[PDB]
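S.K.: Top line first, the protein sequences correspond to chains A and B.
Numbering-wise, the entry's author numbering comes out as the position in the first sequence, counting from 1, plus 1832.
Per the entry's author numbering, the second sequence runs over residues 1 to 152, 170 to 317.
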Amino acid sequence: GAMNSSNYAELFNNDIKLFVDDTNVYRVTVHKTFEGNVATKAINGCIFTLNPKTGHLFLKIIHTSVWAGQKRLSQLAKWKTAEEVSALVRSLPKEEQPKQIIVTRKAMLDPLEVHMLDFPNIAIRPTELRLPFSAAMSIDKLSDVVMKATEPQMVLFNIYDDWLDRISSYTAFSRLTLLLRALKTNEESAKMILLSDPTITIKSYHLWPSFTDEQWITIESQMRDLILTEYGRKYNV
Amino acid sequence: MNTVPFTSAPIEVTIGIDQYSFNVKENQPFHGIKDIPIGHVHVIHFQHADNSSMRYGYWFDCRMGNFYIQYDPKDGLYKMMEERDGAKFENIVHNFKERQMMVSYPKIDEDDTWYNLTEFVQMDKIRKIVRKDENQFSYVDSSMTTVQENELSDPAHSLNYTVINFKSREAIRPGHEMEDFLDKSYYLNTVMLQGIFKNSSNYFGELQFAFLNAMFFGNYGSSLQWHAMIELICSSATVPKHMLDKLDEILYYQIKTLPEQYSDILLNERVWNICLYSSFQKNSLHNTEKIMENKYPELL
């Protein structure tokens, strides 16, 4: 069934599962034509497929060429997402294939289900959680590899850097979603908070700065404060 | 014109023959139904006055033999049976007619309703859906489940409808995942029509049989089967032109004949709105669409 606040700890057990987020698969800019009509221009996109327990991210870069001469692109995007997730599962050795795939948007269930027909014992689940993975393109290194790509490309990352050497996956996921929530609600402020201090650098093989334990505490509070301020602003509360 | 005699009527029951029906009282001298039109299948069905649960009945065809009804006080229901002794049977039927204890199948001459509801229904195919090959007629009731229902218990008592499943390998060619799921023409024409049913008439026959079982017995898996077979056609971009025009006629008489008070459980909102308004064939069911709007605009 659906994933929600109640059954949230199941993400951190030892059953392999992946989140799939398709929000950044089909991305456009909207502009005016010479005759004054509106047209879209596609930019490169990505499927965000994440193992929440281990932090392994499978970033499938979606090159604009895949849309060429295609109609109803927003619907195609869902089927291309499911095709690429299915191919990823097939490329994994049996003992690495997920037992569940959790789609962040319900429109992905039917396309993925149809593409996973060969894996009847992989459950495709929706979620009631309002997860911030669309903000993945606010992470500089991810946006960079997506925009520079010249062809379809899969890029692997650990989205938790090395956090798991010191904290649990539950805590890692909570940190990730807090950072991404902040980045989604006010990217400029979120990014200011992360980089304000030039003495805290990002390792070449990492996505986030090398904060000490205590610095992560100050960060996480600053992200929290950011999120609540934006809430009062949005709703005049 | 043929006759189905009844040995007796010991328990108060509502008896149906095709779309008609009569109230019969406990031990009322009732001895059968005459002037039943030869040339079509028929269904005689029952609802006891004491148990408005389990409607039940028998599909038959008089060309296939001489059939009669007899109440069984052990099993507590009216049973269809075959009389093999042709003379003993003409004998019973003539005496009951002489005594005028039989009702007349009440067909108005202008009316093609029963023909329109059963146009493609053939006894031989019914007997493959309701497998009990020691009888020439077929029992169905409210509670019988389908073979597909059973997959998601007793198979002797199953409705062996053809399994249709839109998210199955049968329905989706590897490599045409998106194409085949959005345009089911492949599944309809190659898998189902050419592959399993052989022709459109067998397909329509199962569709009509499913509807009649849902109407007459409230059989829920039949209603599921009827909607699925409609949805498969409507969800196919490429359908023979004769099938579409015939489908419009088939559905029109089904909707025409449905009891108004049952539209809520017998008609699946999603399928109908999709078929009439979203599907490839939205524009191909003019008569079915017009009667649906003028009679059940709530469901839409």
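Each residue gets a CB set at the ideal place from its N, CA and C atoms; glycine is no exception.
Using a C-beta to C-beta distance shorter than 8 Å, which residues of chain A count as neighbours of B/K184?
M.R.: Per Cβ cutoff of 8 Å: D1942, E1945, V1946 and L1949.
S.K.: Where does the unbroken alpha helix (DSSP H) through B/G57 begin, and where does it stop?
M.R.: B/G57 -> not in any alpha helix (DSSP H); beta strand (DSSP E) instead, spanning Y56 to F60.
S.K.: Which first and last residues belong to the beta strand (DSSP E) in which B/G32 is found?
M.R.: Run containing B/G32: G32 to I36, per the beta strand (DSSP E) assignment.
S.K.: How about the region 253-266 of chain B and the region 80-92 of chain B: do they share at least three Cβ pairs that are nearer than 8 Å?
M.R.: Flag = no, the region 253-266 of chain B and the region 80-92 of chain B do not touch.
S.K.: What residues from the region 1903-1925 of chain A come within 8 Å of chain B, judged by C-beta to C-beta, listed N to C?
M.R.: Hits within the stretch, in order: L1908, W1911, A1914 and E1915.
S.K.: Quick one: list the residues of chain A neighbouring B/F297, beta-carbon separation under 8 Å, in chain order.
M.R.: Residues of chain A passing the Cβ test: none, with the nearest at roughly 15 Å.
S.K.: Closest Cβ-Cβ distance between B/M195 and chain A: below 8 Å?
M.R.: Closer than 8 Å to some Cβ of chain A, the Cβ of B/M195 qualifies, so yes.
S.K.: Could you list which residues in chain A have their beta carbon closer than 8 Å to that of B/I189, in chain order?
M.R.: The contacting residues are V1946 and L1949.
S.K.: Nearest to A/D2057 by alpha carbon, out of A/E2046, A/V1935 and A/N2018?
M.R.: For A/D2057, the nearest C-alpha among the options comes from A/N2018.
S.K.: Looking at the strands, I want to know which residues DSSP matches up with B/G65.
M.R.: Answer is none; B/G65 lacks a bridge partner.
S.K.: How should A/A1871 be labelled, buried or exposed, when 16 other C-beta atoms within 10 angstroms of its C-beta is the threshold for buried?
M.R.: Classification for A/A1871: exposed.
S.K.: How far does the alpha helix (DSSP H) with A/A1874 in it reach, from first residue to last?
M.R.: Segment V1870 to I1875 is the beta strand (DSSP E) holding A/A1874; no alpha helix (DSSP H) there.
S.K.: Residue 2102 of chain A to B/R186, Cα distance in whole Å?
M.R.: What the structure shows of chain A is the stretch from 1833 to 2069, and residue 2102 of chain A is not part of that stretch, so it cannot be assessed.
S.K.: Under 8 Å between the Cβ atoms of B/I181 and B/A245?
M.R.: Going by C-beta atoms, B/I181 is nearer than 8 Å to B/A245.
S.K.: Please report how far the alpha carbon of B/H174 lies from the alpha carbon of B/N135, in whole angstroms.
M.R.: C-alpha separation (whole angstroms): 14 Å.
S.K.: Is B/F198 close to chain D, meaning its C-beta is less than 8 Å from at least one C-beta of that chain?
M.R.: Chain labels in this structure do not include chain D; the protein chains are A and B.
S.K.: Please go through the same chain and pick out, in chain order, the residues whose beta-carbon is closer than 8 Å to the beta-carbon of B/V208, but skip the five residues on each side of it.
M.R.: Same-chain partners within the cutoff: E187 and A188.
S.K.: Measuring CB to CB, does A/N1876 end up less than 8 Å from A/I1894?
M.R.: Yes, the pair counts as a contact, with Cβ atoms nearer than the cut-off.
S.K.: Would you list the one or two residues that DSSP bridges to A/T1881?
M.R.: Answer is A/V1852 and A/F1890.
S.K.: With the cut-off set at 8 Å, would you say B/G222 and B/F120 are in Cβ contact?
M.R.: Contact: yes.
S.K.: Under DSSP, the beta strand (DSSP E) around B/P5 begins and ends at which residues?
M.R.: Counting along the chain, the beta strand (DSSP E) containing B/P5 begins and ends at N2 to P5.
S.K.: Would you give the residue range spanned by the alpha helix (DSSP H) that B/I272 belongs to?
M.R.: Counting along the chain, the alpha helix (DSSP H) containing B/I272 begins and ends at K258 to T274.
S.K.: Would DSSP call B/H94 helix, strand or coil?
M.R.: Helix.
S.K.: Give the DSSP bridge partners of B/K25, in chain order.
M.R.: DSSP lists no partner for B/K25.
S.K.: Can you tell me the Cα-Cα spacing of A/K2016 and A/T2044, whole angstroms?
M.R.: Going from the Cα of A/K2016 to the Cα of A/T2044 covers about 24 Å.
S.K.: I need the straight-line Cα distance from B/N95 to B/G16, nearest angstrom please.
M.R.: One C-alpha to the other measures close to 23 Å.
S.K.: Would DSSP call B/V41 helix, strand or coil?
M.R.: B/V41 falls in the coil class under three-state DSSP.
S.K.: Do B/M232 and B/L283 have their C-beta atoms closer together than 8 Å?
M.R.: Contact flag set, yes.
S.K.: For the beta strand (DSSP E) holding A/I1956, just list the boundary residues, first then last.
M.R.: Residues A1955 to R1957.
S.K.: Consult DSSP for A/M2055 and reduce its assignment to one of helix, strand or coil.
M.R.: In this structure, A/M2055 counts as helix in the three-state DSSP scheme.
S.K.: Could you check the C-alpha separation between A/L1949 and A/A1955 for me, to the nearest Å?
M.R.: Spanning the two alpha carbons is a distance of roughly 11 Å.
S.K.: What's the call for A/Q1902, buried or exposed, on a 16-neighbour Cβ count within 10 Å?
M.R.: The residue is exposed, with fewer than 16 neighbouring Cβ atoms inside 10 Å.
S.K.: Can you tell me whether B/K201 is buried or exposed? The criterion is at least 16 other CB atoms within 10 Å of its CB, across all chains shown.
M.R.: So B/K201 ends up on the buried side.
S.K.: Report, in whole angstroms, the separation of the C-beta atoms of B/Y56 and B/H45, which I expect to be a contact under 8 Å.
M.R.: Their Cβ separation, rounded to whole angstroms, is 7 Å, which keeps B/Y56 and B/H45 in contact under 8 Å.
S.K.: When DSSP labels each residue in this structure, what does B/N290 get in the three-state scheme?
M.R.: Of the three classes helix, strand and coil, the one that applies to B/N290 here is helix, per DSSP.
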